[PDB]
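Worth knowing before you read on, the calculation uses all heavy atoms, side chains too, and leaves out hydrogens, waters and symmetry mates. Numbered from 1 within each chain, the chains take letters A, B, ... in sequence-line order.
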Amino acid sequence: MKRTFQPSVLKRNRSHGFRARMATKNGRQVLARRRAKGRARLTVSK
Amino acid sequence: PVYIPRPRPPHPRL
Amino acid sequence: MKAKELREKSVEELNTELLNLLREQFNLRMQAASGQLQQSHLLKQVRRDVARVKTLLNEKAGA
Amino acid sequence: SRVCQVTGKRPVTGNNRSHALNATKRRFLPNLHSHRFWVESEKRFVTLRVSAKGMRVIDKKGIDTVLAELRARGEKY
Amino acid sequence: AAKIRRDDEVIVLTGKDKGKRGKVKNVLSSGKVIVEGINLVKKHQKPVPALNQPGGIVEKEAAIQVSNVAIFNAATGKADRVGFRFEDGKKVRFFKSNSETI
Amino acid sequence: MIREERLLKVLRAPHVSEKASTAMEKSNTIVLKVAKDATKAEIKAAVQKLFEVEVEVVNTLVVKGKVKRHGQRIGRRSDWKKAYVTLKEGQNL
RNA sequence: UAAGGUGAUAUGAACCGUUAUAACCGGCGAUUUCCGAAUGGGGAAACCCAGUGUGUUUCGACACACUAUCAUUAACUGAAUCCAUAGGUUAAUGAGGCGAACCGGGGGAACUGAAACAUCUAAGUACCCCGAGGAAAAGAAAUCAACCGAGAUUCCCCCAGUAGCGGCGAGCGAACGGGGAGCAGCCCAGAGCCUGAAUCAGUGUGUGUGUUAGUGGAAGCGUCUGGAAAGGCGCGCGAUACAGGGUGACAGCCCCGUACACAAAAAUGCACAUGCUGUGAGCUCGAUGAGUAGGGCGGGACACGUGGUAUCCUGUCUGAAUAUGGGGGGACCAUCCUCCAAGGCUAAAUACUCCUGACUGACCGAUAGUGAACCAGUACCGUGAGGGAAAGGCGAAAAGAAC
RNA sequence: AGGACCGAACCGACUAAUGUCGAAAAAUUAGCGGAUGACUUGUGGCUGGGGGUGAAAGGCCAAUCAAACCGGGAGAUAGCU
RNA sequence: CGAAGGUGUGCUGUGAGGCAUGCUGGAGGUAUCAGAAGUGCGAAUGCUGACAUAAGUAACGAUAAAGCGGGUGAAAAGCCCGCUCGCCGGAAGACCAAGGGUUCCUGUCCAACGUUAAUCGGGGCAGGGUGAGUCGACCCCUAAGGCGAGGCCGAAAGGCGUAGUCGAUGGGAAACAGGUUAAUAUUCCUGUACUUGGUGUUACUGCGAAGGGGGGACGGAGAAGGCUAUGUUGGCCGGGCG
RNA sequence: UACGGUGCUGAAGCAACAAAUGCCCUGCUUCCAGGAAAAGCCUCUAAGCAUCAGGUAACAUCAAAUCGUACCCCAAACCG
Ligand SMILES: [Mg+2]
Ligand SMILES: [Mg+2]
Ligand SMILES: [Mg+2]
Ligand SMILES: [Mg+2]
Ligand SMILES: [Mg+2]
Ligand SMILES: [Mg+2]
Ligand SMILES: [Mg+2]
Ligand SMILES: [Mg+2]
Ligand SMILES: [Mg+2]
Ligand SMILES: [Mg+2]
Ligand SMILES: [Mg+2]
Ligand SMILES: [Mg+2]
Ligand SMILES: [Mg+2]
Ligand SMILES: [Mg+2]
Ligand SMILES: [Mg+2]
Ligand SMILES: [Mg+2]
Ligand SMILES: [Mg+2]
Ligand SMILES: [Mg+2]
Ligand SMILES: [Mg+2]
Ligand SMILES: [Mg+2]
Ligand SMILES: [Mg+2]
Ligand SMILES: [Mg+2]
Ligand SMILES: [Mg+2]
Ligand SMILES: [Mg+2]
Ligand SMILES: [Mg+2]
Ligand SMILES: [Mg+2]
Ligand SMILES: [Mg+2]
Ligand SMILES: [Mg+2]
Ligand SMILES: [Mg+2]
Ligand SMILES: [Mg+2]
Ligand SMILES: [Mg+2]
Ligand SMILES: [Mg+2]
Ligand SMILES: [Mg+2]
Ligand SMILES: [Mg+2]
Ligand SMILES: [Mg+2]
Ligand SMILES: [Mg+2]
Ligand SMILES: [Mg+2]
Ligand SMILES: [Mg+2]
Ligand SMILES: [Mg+2]
Ligand SMILES: [Mg+2]
Ligand SMILES: [Mg+2]
Ligand SMILES: [Mg+2]
Ligand SMILES: [Mg+2]
Ligand SMILES: [Mg+2]
Ligand SMILES: [Mg+2]
Ligand SMILES: [Mg+2]
Ligand SMILES: [Mg+2]
Ligand SMILES: [Mg+2]
Ligand SMILES: [Mg+2]
Ligand SMILES: [Mg+2]
Ligand SMILES: [Mg+2]
Ligand SMILES: [Mg+2]
Ligand SMILES: [Mg+2]
Ligand SMILES: [Mg+2]
Ligand SMILES: [Mg+2]
Ligand SMILES: [Mg+2]
Ligand SMILES: [Mg+2]
Ligand SMILES: [Mg+2]
Ligand SMILES: [Mg+2]
Ligand SMILES: [Mg+2]
Ligand SMILES: [Mg+2]
Ligand SMILES: [Mg+2]
Ligand SMILES: [Mg+2]
Ligand SMILES: [Mg+2]
Ligand SMILES: [Mg+2]
Ligand SMILES: [Mg+2]
Ligand SMILES: [Mg+2]
Ligand SMILES: [Mg+2]
Ligand SMILES: [Mg+2]
Ligand SMILES: [Mg+2]
Ligand SMILES: [Mg+2]
Ligand SMILES: [Mg+2]
Ligand SMILES: [Mg+2]
Ligand SMILES: [Mg+2]
Ligand SMILES: [Mg+2]
Ligand SMILES: [Mg+2]
Ligand SMILES: [Mg+2]
Ligand SMILES: [Mg+2]
């Protein structure tokens with residue numbers, strides 16, 4: 001049984017990383033929402 | 001929980 | 001070593017000491033690492049002294 | 001965009017109204033064309049994307065007046 | 001400033017030691033003072049083997065609220081309140097009730 | 001030429017352990033906890049200046065801090081750099 | 001300002017200080033790694049790789065500075081192509097990104113209601129996007145009124161759920177006029193009569209008033225119970241202070257405070273007189289906003305769904321008069337009245353609270369009140385967007401239990 | 001030579017039994033099919049919601065699919081329980 | 001000289017209730033008359049926490065398998081040592097990438113975790129441990145693709161895209177054997193190498209690029225030959241003669 | 001002896017045969033479905049400099065930074 005989560009750090013950062021978020025107007029609104037909510041981890045960047 | 005399995009199908013009273 | 005008797009000094013003797021304050025700092029750090037520094041306060045003291053001398057350098061550097 | 005360089009006419013929005021009065025969002029676009037105007041003062045051709053009303057405005061005024069207005073607005077032509 | 005200082009003779013106003021008299025040993029920022037031989041607690045101290053292990057039931061002073069002590073006049077022989085005034089430009093404490101400087 | 005104010009920051013401590021003892025014993029290598037920046041050239045210059053010994057080569061590694069659970073909180077110790085400084089021939093001073 | 005102090009869990013260690021560079025508090029400075037608009041290029045954020053210049057150099061290395069893009073301005077340069085322009089380089093100035101609501105604008109649902117549903121409603125709402133400010137917007141009649149008059153805009157209470165609009169259904173819903181809050185008017189389209197002529201805008205001085213640390217600040221003892229007194233009992237005192245909080249039980253007089261009276265080296269807000277800087281004063285005469293008003297077609301906004309539909313805005317096609325002229329007065333015409341579009345600026349009353357302080361509550365009190373009284377937007381869940389807890393109380397004192 | 005043959009790896013999933021609060025939210029055991037190809041597989045990339053992709057089953061699109069998920073409109077509405 | 005609360009008792013009212021009081025509790029409560037309501041719970045397959053029931057029941061997760069002696073220990077079926085036995089051996093061995101992130105090694109501890117015990121552990125606590133010119137990344141180069149100065153287009157947001165710049169899963173320099181730690185080793189050590197640059201000295205001379213050309217540089221299948229890894233046997237050497 | 005291991009010494013260390021799916025081989029043969037790119041690399045010159053610079057070749061010297069490296073990795077350490 002292959003499951004849905006097949007981790008890959010490169011794909012993770014290219015898909016949801018900080019620079020991926022900053023690339024688009026909508027990704028920068030994700031960061032604004034998570035900053036407003038007070039999220040300790042802003043992105044998947046560690 | 002977070003996952004509730006679908007109940008088994010009833011006997012087809014058809 | 002206060003700020004009065006360091007502001008009376010000059011940019012060169014004051015660059016001398018802060019170099020030798022650093023030296024002192026490195027010796028105290030190695031001594032504390034080996035476990036021979038039974039005076040923990042000397043680290044904070046020489047650190048604040050280095051900060052003081054660098055402050056006075058930034059003042060004497062023009063403004 | 002579909003904006004007249006002379007008059008500033010741009011697409012507006014309104015309704016398509018059917019006979020049953022069904023309203024549908026629609027756009028009214030300006031009658032835009034790219035046209036080379038002969039600037040005699042500059043002895044050259046300047047291409048502007050203008051509506052037909054903009055062409056009428058350039059006929060009424062001069063192309064020099066309209067180009068001065070564009071420059072005042074800061075629009076590059 | 002503070003009305004009760006370190007090397008200051010005080011009398012206890014409240015508690016088991018009411019009326020007892022001693023001198024302050026140190027002032028705690030929590031608003032409590034340690035007075036010599038006043039608030040004696042019996043502490044069951046574990047025999048720490050590292051430095052020295054007398055262990056035993058030691059008799060320590062416990063902090064007492066500064067509210068609960070007043071400085072002793074020794075001229076009127078009773079508890080007295082403290083005001084502040086300026087003599088020679090310097091702020092000094094004086095007693096109320098025979099307003100002499102401390 | 002690395003400046004002495006930088007050399008006096010490069011070195012942090014000597015690293016005391018069984019492997020460090022064995023290294024100084026039978027390979028003439030002193031083990032140091034150095035700064036994090038701490039290039040090999042900076043470490044060599046600093047050892048040769050401050051310990052006034054003759055350095056052959058510097059091997060460096062970064063030690064990643066351990067995740068420790070102090071009380072009921074998850075903490076992590078800082079990463080630090082370790083330098084194996086091989087002295088040339090004579091001896092430590 | 002000070003006799004204590006070296007932030008907390010959190011004790012120790014090593015020390016600092018006690019009469020004025022211990023600490024603490026405030027002003028002004030300094031320092032301020034890396035990432036991030038991130039801006040030298042790149043990048044899987046907190047990393048990788050540079051170029052140029054200056055300086056140092058134990059000679060091979062080091063330090064610092066600069067190097068993004070766009071807009072505007074300027075200088076130089078510069079093609080096809082003669083000039084020229086495009087383009088290029090450099091320099092200066094500005095912007096960029098973030099932020100809770102309020103504001104203006106560009107777009108813009110559907111659920112739902114209509115007991116179905118399509119016109120209609122929801123609703124110009126949610127939401128997306130752009131932009132600004134401390135408020136914004138609007139704003140000095142081509143406005144109303146009704147032969148009487150009012151006199152910019154905005155906001156509140158009426159008018160009035162009225163007149164109307166409306167598958168005349170569900171629903172939507174004014175204005176006129178009145179009472180208030182607050183009021184403020186100007187400028188260009190222009191030439192001559194004066195040449196910092198009132199203002200206005202930025203600077204420097206002062207004065208006053210705050211603000212950012214602070215200072216002083218009254219007056220209670222005895223006895224009973226009690227572990228402890230602030231409680232009871234008795235006798236006193238202060239009060240421009242009996243707000244509040246703490247202290248071993250409930251304290252005006254134990255403490256911190258409170259009323260009250262003072263305080264600022266420095267920075268700073270406001271108010272006022274100013275000293276410079278710049279435009280501009282007032283008078284005469286003139287001018288007085290054209291692809292515009294209006295029209296046709298299609299839409300939208302007006303309470304008003306095209307209706308008999310005025311008015312406004314426009315995508316499209318047209319197109320005046322120009323003050324012996326034109327707009328409006330709810331189809332339209334005549335008369336009369338009233339105003340002067342096609343150029344702009346403008347405070348106040350009005351909106352909101354990310355945030356600061358003080359105060360308040362017939363608000364909650366740990367399943368409540370914020371999700372979060374507690375190391376909570378955490379643990380944990382999810383690829384991600386995102387979702388999202390539980391968990392307070394020993395005692396007065398740790399005296400937290402030697403043996 | 002060959003979408004040739006038999007048959008491991010590998011990729012599948014025809015039958016049966018077990019399991020069905022499982023060892024497992026799809027398996028195990030015994031057999032079974034393809035196994036040089038229209039094959040299989042690693043890494044990276046692209047296509048997105050009335051959209052994608054589909055040797056087509058309305059299949060698949062993160063254990064979710066006749067319109068994914070998250071947040072919002074939103075306390076939709078509910079003559080029903 | 002004992003509040004609220006809790007827990008009994010007695011009395012009392014038509015009822016919701018009330019009153020008194022013992023014990024607990026240890027600091028609050030509140031008449032009366034008015035006033036306001038988050039004002040009364042058994043149900044909503046209600047929500048949260050706690051605790052039952054089934055029940056000391058099913059199960060303890062591959063039917064590869066254990067036995068014994070000694071040790072340690074409070075305690076040994078499970079740990080350590082030993083001797084047997086059994087199981088895998090195209091793996092159930094070894095080395096990596098991905099992913100994880102200290103699980104590695106040592107000492108110590110056994111509460112919780114481990115489907116039992118545990119002295120043991122990938123568990124707790126503390127300490128140690130990762131050494132590179134040559135391995136990899138970084139770096140140079142590019143693919144798919146991404147971004148993209150200007151540009152073109154688009155109500156806005158933005159879309160596409162040129163120059164360019166990124167982007168490996170591909171191309172591009174170089175290290176081997178032996179030894180060594182409790183834990184690293186092509187990194188440490190020993191021995192023996194190699195590569196690419198910089199700077200000098202010397203000698204001889206045309207060098208010079210965002211440009212040209214070559215090269216890099218490439219499919220499937222098949223067959224054979226030559227080899228080697230590797231194995232077998234013999235020889236040799238050491239040991240044995242059961 | 002910590003009886004876990006530590007230290008010292010150390011013979012022979014050859015041949016034949018067999019043999020890969022590994023290497024020669026990015027070869028060869030054949031087929032059609034006709035099988036990356038760019039750089040490093042070699043070479044050629046342009047402008048430009050030709051004494052210089054630069055290139056080539058010896059020898060010498062210097063440098064080669066930084067980051068990863070433990071451990072699991074058909075697994076009790078990854079996804080379930
Ligand atoms: Mg992806
Ligand atoms: Mg080495
Ligand atoms: Mg390394
Ligand atoms: Mg950048
Ligand atoms: Mg810069
Ligand atoms: Mg940068
Ligand atoms: Mg780069
Ligand atoms: Mg901005
Ligand atoms: Mg509808
Ligand atoms: Mg309906
Ligand atoms: Mg209905
Ligand atoms: Mg502002
Ligand atoms: Mg305004
Ligand atoms: Mg009149
Ligand atoms: Mg009808
Ligand atoms: Mg005071
Ligand atoms: Mg007082
Ligand atoms: Mg009490
Ligand atoms: Mg005019
Ligand atoms: Mg019109
Ligand atoms: Mg009309
Ligand atoms: Mg018209
Ligand atoms: Mg009109
Ligand atoms: Mg009219
Ligand atoms: Mg006019
Ligand atoms: Mg206007
Ligand atoms: Mg709560
Ligand atoms: Mg409670
Ligand atoms: Mg076949
Ligand atoms: Mg198979
Ligand atoms: Mg299938
Ligand atoms: Mg089957
Ligand atoms: Mg077959
Ligand atoms: Mg077969
Ligand atoms: Mg893939
Ligand atoms: Mg079907
Ligand atoms: Mg699925
Ligand atoms: Mg649908
Ligand atoms: Mg939803
Ligand atoms: Mg709604
Ligand atoms: Mg509902
Ligand atoms: Mg109460
Ligand atoms: Mg009892
Ligand atoms: Mg209720
Ligand atoms: Mg009921
Ligand atoms: Mg219930
Ligand atoms: Mg149960
Ligand atoms: Mg039971
Ligand atoms: Mg049973
Ligand atoms: Mg049974
Ligand atoms: Mg059983
Ligand atoms: Mg079993
Ligand atoms: Mg088992
Ligand atoms: Mg045994
Ligand atoms: Mg067993
Ligand atoms: Mg651990
Ligand atoms: Mg282990
Ligand atoms: Mg262990
Ligand atoms: Mg036990
Ligand atoms: Mg157990
Ligand atoms: Mg462990
Ligand atoms: Mg490409
Ligand atoms: Mg693009
Ligand atoms: Mg652009
Ligand atoms: Mg590249
Ligand atoms: Mg690669
Ligand atoms: Mg890369
Ligand atoms: Mg190992
Ligand atoms: Mg050329
Ligand atoms: Mg061989
Ligand atoms: Mg061999
Ligand atoms: Mg043999
Ligand atoms: Mg023999
Ligand atoms: Mg094969
Ligand atoms: Mg030369
Ligand atoms: Mg040579
Ligand atoms: Mg390893
Ligand atoms: Mg291992």
**Asked** Are both defining distances between I:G114 and G:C62 under 3.5 Å, such that they form a Watson-Crick or G-U wobble pair?
**Response** no
**Request:** Taking only heavy atoms on the protein side, list every residue of residues 61-77 of chain D lying under 4.0 Å from any atom of RNA chain I, sorted numerically.
**Result:** none
**Item:** Watson-Crick or G-U pairing of G:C302 with H:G42, both H-bond distances under 3.5 Å
**Value:** no
Show me the donor-acceptor pairs, under 3.5 Å and distance only, between side chains in residues 34-43 of chain C and residues at least two apart or in other chains.
| residue | atom | partner | partner atom | Å |
| --- | --- | --- | --- | --- |
| C:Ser34 | OG | C:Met30 | O | 3.4 |
| C:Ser34 | OG | C:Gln31 | O | 2.8 |

Determine all donor-acceptor pairs shorter than 3.5 Å in which one atom belongs to a side chain in residues 6-14 of chain B; sequence neighbours excluded.
none

**Asked** D:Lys9 has an atom NZ; how far is it from atom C1' of G:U314, in whole Å?
**Response** 8 Å
**Request:** Would you check if D:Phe28 stacks with the base of G:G315, given a 5.5 Å centroid limit and a 30° plane limit, both strict?
**Result:** no
**Phosphate contact (I:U184 OP1 or OP2) by F:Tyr84 side-chain N/O below 4.0 Å** = no
**Asked** Taking only side-chain nitrogens and oxygens of F:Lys49, does any of them come within less than 4.0 Å of OP1 or OP2 of G:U58?
**Response** no
**Asked** For E:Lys25, does its backbone N or O pair with a side-chain atom of E:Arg6 as donor and acceptor, under 3.5 Å?
**Response** yes
**Of residues 9-46 of chain A, the positions that come close to RNA chain I - non-hydrogen atoms, cut-off under 4.0 Å** = A:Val9, A:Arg14, A:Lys25
**Asked** How does each nucleotide of nucleotides 221-242 of chain G score, in 5' to 3' order, for protein heavy atoms under 4.0 Å: base (B), sugar-phosphate only (S), or none (-)?
**Response** -------SS-------------
**Prompt:** Would you call J:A50 and I:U199 a Watson-Crick or G-U wobble pair if both distances must be under 3.5 Å?
**Reply:** no
**Request:** Enumerate the residues from residues 46-55 of chain D whose closest heavy atom to RNA chain H is under 4.0 Å, giving them by residue number; use none for an empty result.
**Result:** none
**Asked** Are F:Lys49 and F:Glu52 ion-paired here, with the side-chain N under 4.0 Å from a carboxylate O?
**Response** no
**Request:** Tell me whether E:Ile38 is reachable from E:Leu13 by hopping between hydrophobic residues (I, L, V, M, F, W, Y) whose side-chain heavy atoms are closer than 4.5 Å.
**Result:** no
**Prompt:** Within the modelled atom types, does a donor on one side and an acceptor on the other bring the side chain of E:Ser67 and the base of G:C255 under 3.5 Å apart?
**Reply:** no
**Message:** For the nucleotides G:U72 and G:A266, report whether a Watson-Crick or G-U wobble pair is present, with both relevant distances below 3.5 Å.
**Reply:** no
